[PDB]
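In: Here is my input, please return the structure:
(5 chains, ligands or ions: 1)
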Amino acid sequence: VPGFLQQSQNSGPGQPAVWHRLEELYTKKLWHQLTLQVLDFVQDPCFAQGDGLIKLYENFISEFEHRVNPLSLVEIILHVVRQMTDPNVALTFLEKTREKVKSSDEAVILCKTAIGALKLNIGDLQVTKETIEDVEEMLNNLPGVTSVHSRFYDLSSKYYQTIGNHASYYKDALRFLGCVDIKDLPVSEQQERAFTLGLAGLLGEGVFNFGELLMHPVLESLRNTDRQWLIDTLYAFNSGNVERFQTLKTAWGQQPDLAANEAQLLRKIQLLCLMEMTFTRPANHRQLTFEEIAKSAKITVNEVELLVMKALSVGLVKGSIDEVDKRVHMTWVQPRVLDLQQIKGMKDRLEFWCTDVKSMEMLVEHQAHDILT
Amino acid sequence: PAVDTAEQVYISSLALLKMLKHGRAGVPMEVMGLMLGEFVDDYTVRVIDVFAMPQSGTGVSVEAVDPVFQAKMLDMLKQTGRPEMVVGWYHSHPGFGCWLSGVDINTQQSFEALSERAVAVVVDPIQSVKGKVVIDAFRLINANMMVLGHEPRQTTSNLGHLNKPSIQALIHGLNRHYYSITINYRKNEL
Amino acid sequence: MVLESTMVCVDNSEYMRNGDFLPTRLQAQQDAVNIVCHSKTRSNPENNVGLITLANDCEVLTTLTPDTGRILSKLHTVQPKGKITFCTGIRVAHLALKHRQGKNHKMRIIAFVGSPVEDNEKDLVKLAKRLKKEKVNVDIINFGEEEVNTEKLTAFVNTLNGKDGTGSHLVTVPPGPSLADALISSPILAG
Amino acid sequence: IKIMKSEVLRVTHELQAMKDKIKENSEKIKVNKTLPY
Amino acid sequence: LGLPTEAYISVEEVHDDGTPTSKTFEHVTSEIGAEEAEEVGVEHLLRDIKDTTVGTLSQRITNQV
Ligand SMILES: [Zn+2]
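Out: Numbers count the residues shown, from 1 in each chain, chains lettered A, B, ... in the order given. You can find the structure just below:
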């Protein structure tokens, strides 16, 4: 074994420093500093043309390890399979690495995420769903690791390149960004994640809440100069305003997935415009006239009726529609995100409410003093 | 000297609730348990706490007073911070009325052997109907004193206000062997 | 023959997952607790021993019980996937020792330091001063990879008891193949 | 030597304690039996 | 005022809307019920401040207050 590493000492910056350094830990029957060192040297920036050399050593270090952390082992085999780039035998390699550690240690889930990742390129539809399902059901009893969840949500985001994954991709991307907090990746990757999450939200048939536009740290902090319009558009989709100037602004860019869906985007804009316009109502004159809707959503007076019908049918409005006066009665079961000024105003309203309650309670106890007992 | 009719038993609210709950739970079978607390003085019996004991096939009797369970629970409650001493024993008489049978008499002298002022508490769970808690406290009088022209207990005061006892105790020989102790439940404001 | 309570502190951090000692440090430390508790209890059968783990938590899996069997029971399947927090380990050891059932047993602490200790110097010296003010004897023994003869640890044991005290030892182990024979020659026979 | 002593003491302790639990539970059962039926 | 008991359950989730995870204690509603023996015990234990269950005007007005 020492001769094997001596003859293959090359292919590393500072030929001794790359391999004999971890050999120094190896000779002293050590497997924790050694695994960290080999992890770091795998992450060392190289083509890793010596991968064919490391595997045997890895196999050697896998033949009588009996101490190495399975999580570090799978973290190294994912890089190994990324480097070797032979999907035909990769599947067997991951399967045998998974079977060689069958203990209760939760490293198998990472291997399942890896086989899903390398499997979402060839044969990505028939049984990859089974892989995702077994991963998610096995994802139980230990939510504090936060790495296996990250891998599962990475796989789910990988699945986004399908016909019917827009809102679900948005939810899983939210879960991923919740799992990993700090930067720990280039600004380009983070802004790409925020961008894809944004287009998922705009195209999400089942999502219109957009409560994380100004609440999610990633997209709010990112994208100040590089195609920043997205956050602005998100603001529009939370402001309900016309702002179709911004819609065309993002129409010049991102021509695919938006030029073909401009119609659905306009319908979504109109629905959120209805939501905003009856949110701005003073809560006493909740009735909405036809002309204000027509002039706000810049739609004909014969379409407001069907628009509010669609909004009520979806489950965001619980009002009613009149026609002789054509005033749409309004009641709400679909809340929204607040803001500092809105919170201040609404807590002032609550203070008024509590003052009225206290005044009537005082009057009641004063008038009913004798009967009280 | 002779005990006084002014003597009364202070039962904490928790103790009373525990005894009634155990009596209902063990119905129709008769249960029993120790009565932790402190005598404090001659005229008071403070029942701070009561803990149930496992039910044995012999029923309420001395062989069902397994010392392993009692000793372990006593020392370990004192470890928690409850260092009381046994002041008596409660037991259940469902549908019988508050009185002592012969076996209860043997258990009561066995209890008086180590603690002279032990108290036997009888609770009727089924008879403890809403708004009526049938509970009584007794202590044995040996035949030697009462036969020898001596009153079983001196009435130094007017605390003998305890009304005419239920005739069931009279048929079961209340005053012949076990003088009843007037009851006084102690309730804190919390 | 001296009445005492032994409050052992074992380690199950990830740093016990390299074969520096024996097959691995887990069985080395298990046999170490075995022999030390054996010596303590055959020295006096009226004593009692317990164990606290230290990896990212501090569990009291076995309280202060005379029967060593429970300590041997919970020493098993320790699953070394944690991180050592020595600052709270000795604190919880003393806080469990103050729950002593007998009021005549003497203080005695054994802690299994197998990982480097990430503690402030002021924090450890004030811990030692508090131990002085509360009259608790602590013996620290070091295994595995570790900065040999820690200045913080040697100061901690020096100010644990000063000015001609009993002499609570700071025991280090020779790296490589070595049992606790050195750990029983000096420390076990005399404290 | 590790496996033999380790698991021998393990299963011996578990068997002894569990047999003690057997004996206590059985004794309580029989003392609950009594008579008559 | 009332309800001296607050029941809390530990939950563990990704917090759905992308927030850092923590333990957190989700609240579960609680109420004070009683068993028949405990019911008679407590009613006899009070026996001096228990209000009439029929209510009547004074106690309904105090309930409103
Ligand atoms: Zn009886």
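In: got the residue ranges for the strands in chain C?
Out: Secondary structure of chain C (DSSP state E): strands located at C:4-9, C:48-52, C:62-65, C:106-113, C:138-142, C:170-172.
In: Tabulate those strands in CSV, adding columns for mean neighbour count.
Out: In this view, the C-beta of every residue, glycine as well, is placed from N, C-alpha and C. Putting those into CSV (neighbours: other Cβ atoms under 10 Å in any protein chain shown) gives the following:
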stretch, mean neighbour count
strand C:4-9, 24
strand C:48-52, 26
strand C:62-65, 18
strand C:106-113, 22
strand C:138-142, 22
strand C:170-172, 20
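In: how about TSV for these, with distance to residue C:184 added?
Out: Converted to TSV, those look like this (distance: least, Cβ to Cβ, whole Å):
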stretch	distance to residue C:184
strand C:4-9	14
strand C:48-52	16
strand C:62-65	22
strand C:106-113	12
strand C:138-142	11
strand C:170-172	10
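In: which one of these lies closest to residue A:335?
Out: Closest approach to residue A:335 among the strands of chain C (Cβ to Cβ): strand C:48-52, 48.4 Å.
In: Who are the packing partners of that closest one?
Out: strand C:4-9, helix C:25-43, strand C:62-65, helix C:68-75, helix C:86-97 (3 or more Cβ pairs under 8 Å, 6 or more residues apart in numbering or on different chains; DSSP states H and E).
In: can we see that at 10 Å?
Out: In terms of contacts (3 or more Cβ pairs under 10 Å, 6 or more residues apart in numbering or on different chains; DSSP states H and E), strand C:48-52 is packed against strand C:4-9, helix C:25-43, strand C:62-65, helix C:68-75, helix C:86-97, strand C:106-113.
In: near chain D at all, the fourth one?
Out: Read that as helix C:68-75. Yes. Helix C:68-75 lies within reach of chain D by Cβ under 10 Å from any Cβ of the partner chain, at C:68, C:69, C:70, C:72, C:73, C:75.
In: Enumerate the beta-bridge partners assigned to the residue nearest in space to the middle of chain B.
Out: Per Cα atoms, centre = their mean, the C-alpha nearest to the average position across chain B is that of residue B:121, at 2.1 Å. Residue B:121 has these beta-bridge partners by DSSP bridges: residue B:90, residue B:137.
In: Now do it against residue B:13, distance only.
Out: 15 Å (Cβ to Cβ, to the nearest Å).
In: same deal with residue C:188?
Out: Residue C:188 is 54 Å from residue B:13, by Cβ to Cβ.
In: what about those two, which has more around it?
Out: residue C:188 (20 against 16; other Cβ atoms under 10 Å in any protein chain shown).
In: which ones are touching the more buried one?
Out: C:35, C:36, C:38, C:39, C:40, C:43, C:110, C:139, C:169, C:171, C:180, C:181 (Cβ atoms under 10 Å, 6 or more residues apart in numbering or on different chains).
In: Tell me which stretches of the stretch 101-250 of chain A form helices.
Out: Assigned by DSSP state H, counting those that start in this stretch, the helices in the stretch 101-250 of chain A fall at A:108-119, A:128-138, A:148-158, A:167-179, A:187-203, A:217-221, A:229-239, A:244-252.
In: Format those helices as a markdown table; extra columns: distance to residue B:96 and mean neighbour count.
Out: Formatted as a markdown table, these follow (distance: least, Cβ to Cβ, whole Å; neighbours: other Cβ atoms under 10 Å in any protein chain shown):
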| stretch | distance to residue B:96 | mean neighbour count |
| --- | --- | --- |
| helix A:108-119 | 65 | 22 |
| helix A:128-138 | 59 | 14 |
| helix A:148-158 | 64 | 22 |
| helix A:167-179 | 65 | 22 |
| helix A:187-203 | 75 | 19 |
| helix A:217-221 | 73 | 17 |
| helix A:229-239 | 75 | 20 |
| helix A:244-252 | 87 | 14 |
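In: contacting residues for residue C:12?
Out: Neighbours of residue C:12 in contact, by Cβ under 10 Å, 6+ apart: C:25-26, C:29, C:53-57, C:59, C:75, C:77-84, C:112, C:114.
In: measure it to residue C:28 for me?
Out: For residue C:12, the distance to residue C:28 - Cβ to Cβ - is 13 Å.
In: which residues are in contact with both of those two?
Out: Each of C:112, C:114 lies in contact with both residue C:12 and residue C:28 under the rule Cβ under 10 Å, 6+ apart.
In: what about the residue of chain B found nearest the ion, neighbour count?
Out: Going by Cβ to the ion, the ion is nearest to residue B:104 of chain B, at 3.8 Å. As a burial measure, residue B:104 scores 23 neighbours (other Cβ under 10 Å).
In: Could you check how far it is from residue A:130?
Out: Taking Cβ to Cβ, one finds residue B:104 at 70 Å from residue A:130.
In: I figured residue A:95 was touching residue A:115, is that so?
Out: Yes. Counting by Cβ atoms under 10 Å, residue A:115 is a contact partner of residue A:95 at 7.6 Å.
In: re earlier: drop anything exposed from the contacts of residue C:188.
Out: Neighbour-count burial (16 or more other Cβ atoms under 10 Å in any protein chain shown) applied to the contacts of residue C:188 gives C:36, C:40, C:110, C:139, C:169, C:171, C:180.
In: Nearest to residue A:222 among those residues?
Out: Distances from residue A:222 to the buried ones among the contacts of residue C:188, taken by Cβ to Cβ, are shortest for residue C:110, at 52.8 Å.
In: for that closest one, which residues make a bridge with it?
Out: residue C:8, residue C:139.
In: contacting residues around the residue of chain C found nearest chain E?
Out: For chain C and chain E, the shortest gap (Cβ to the nearest Cβ) falls at residue C:57, measuring 13.6 Å. Residues in contact with residue C:57 (Cβ under 10 Å, 6+ apart) are C:12, C:82, C:83, C:85, C:88, C:89, C:92.
In: Please name the nearest non-neighbouring residue to residue E:32.
Out: residue E:5 (6.9 Å; Cβ to Cβ, 6 or more residues apart in numbering or on different chains).
In: er, residue A:336 I mean
Out: residue A:279 (6.6 Å).
In: Neighbours of the one you found, how many?
Out: Neighbour tally, residue A:279, other Cβ under 10 Å: 15.
In: quick one: contacts for it?
Out: Neighbours of residue A:279 in contact, by Cβ under 10 Å, 6+ apart: A:240, A:272, A:332, A:334, A:335, A:336, A:342.
In: Return the closest of these with respect to the ion.
Out: Nearest member of these to the ion, counting by Cβ to the ion, is residue A:335, at 64.3 Å.
In: Contact partners for the nearest residue in space to residue A:131 that is not next to it in sequence?
Out: Leaving aside its chain neighbours, residue A:131 sits nearest to residue A:116 (4.6 Å; criterion: Cβ to Cβ, 6+ apart). With contact set as Cβ under 10 Å, 6+ apart, residue A:116 has these partners: A:124, A:128-132, A:134-135, A:151-152, A:154-156, A:158-159.
In: Now do the residue nearest to the centre of chain B against residue A:32, distance only.
Out: 65 Å.
In: again with residue C:182
Out: 24 Å.
In: what does residue A:109 give?
Out: For residue A:109 relative to residue A:32 (Cβ to Cβ), the value is 22 Å.
In: give me phi/psi at residue A:269?
Out: Backbone geometry at residue A:269, expressed as degrees, to the nearest 10, gives phi -60, psi -40.
In: That one against residue A:238, yeah?
Out: No. At 11.4 Å, residue A:269 does not count as touching residue A:238 under the criterion of Cβ under 10 Å.
In: Which residue, other than its chain neighbours, is closest to residue C:167?
Out: residue C:161 (6.9 Å).
In: neighbours around the one you found, how many?
Out: 18.
In: Not counting its neighbours along the chain, what's nearest the closest residue to chain D within chain C?
Out: Using Cβ to the nearest Cβ, the single residue of chain C nearest to chain D is residue C:69, 5.0 Å away. Counting by Cβ to Cβ, 6+ apart, residue D:13 is the residue found nearest to residue C:69 once chain neighbours are left out, at 5.0 Å.
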